[PDB]
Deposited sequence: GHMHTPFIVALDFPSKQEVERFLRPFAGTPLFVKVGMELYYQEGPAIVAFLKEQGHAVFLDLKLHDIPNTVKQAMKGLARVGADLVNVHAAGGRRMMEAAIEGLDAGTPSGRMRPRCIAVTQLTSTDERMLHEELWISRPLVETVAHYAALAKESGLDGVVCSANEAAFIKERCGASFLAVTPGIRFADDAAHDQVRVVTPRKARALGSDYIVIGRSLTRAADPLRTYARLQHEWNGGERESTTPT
């Protein structure tokens, strides 16, 4: 249920933070700052350590490009990827094809969720800048539906946004997102952990604590 955001400025420190987890597998997130500096090598490392990877690059391009890229991210070793719903139904559908195409027969393709509206986008922005004329809340549900219709597995959403989306898309539509306890109460499926864990003095015990608050 936990996705540890490896928001570190180098492979050096990533490696350092993960040392105690050499015996405790984790579901980790690789953002675009780290991936653009380390390349596919960082995923190989994480995979070797035995961790599952969420390659968070938010692909948003034309259908065929996202497809070939997703095919490549499958080959790389990602367990979860994401895209912008703003990319359109066609692009999202092509992303899924790319994943199956880069996934060996029998085995399961890497999960793929969609960004609806970034957590940093407020009403004023949706209104004046993006020129979308429907409340932020409805716009998020719409994009989430678009993603569900396109064959995606879920979406990235604010904790108190999860119930609304699941009501619209089905309770099996993943909600990746406050207290782990609160997060769980709001309907999220996965919680993205940041400094809370990555900057703790006792990472292994903090992680155990984390699982207990959620339980």
Report summary line: Residues of the deposited chain that carry no C-alpha coordinates are 1-5, 183-198, 237-246
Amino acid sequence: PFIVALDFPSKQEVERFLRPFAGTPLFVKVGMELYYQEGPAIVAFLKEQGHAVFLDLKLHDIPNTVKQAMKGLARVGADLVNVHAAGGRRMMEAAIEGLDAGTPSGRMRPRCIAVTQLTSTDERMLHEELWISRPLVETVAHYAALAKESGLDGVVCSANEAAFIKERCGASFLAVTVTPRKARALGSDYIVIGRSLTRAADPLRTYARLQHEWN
From here on, numbers count along this sequence of modelled residues.
Report summary line: Ranked by mean Cα B-factor in the entry, 80-88 and 136-144, top stretch is 136-144
Query raised in the report: Would 112-120 or 126-134 have the larger average of its C-alpha temperature factors, as given in the entry?
Result: 126-134
Report summary line: For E167, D189, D61, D153, the deposited C-alpha B-factor is largest at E167
Query raised in the report: Which one of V43, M32, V66, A185 shows the biggest C-alpha B-factor in the PDB entry?
Result: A185
Report summary line: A95: C-alpha B-factor third of its chain, per the entry, is the lowest
Query - Relative C-alpha B-factor of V178, binned into the chain's lowest, middle or highest third - result: highest
Requested in this report: Place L57 in the lowest, middle or highest third of its chain's C-alpha B-factors, as listed in the PDB entry.
Outcome: lowest
Query raised in the report: Split the chain's modelled residues into thirds by Cα B-factor; is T198 in the lowest, middle or highest one?
Result: lowest
Query - Ranked C-alpha temperature factor of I3 among modelled chain residues, by third - result: middle
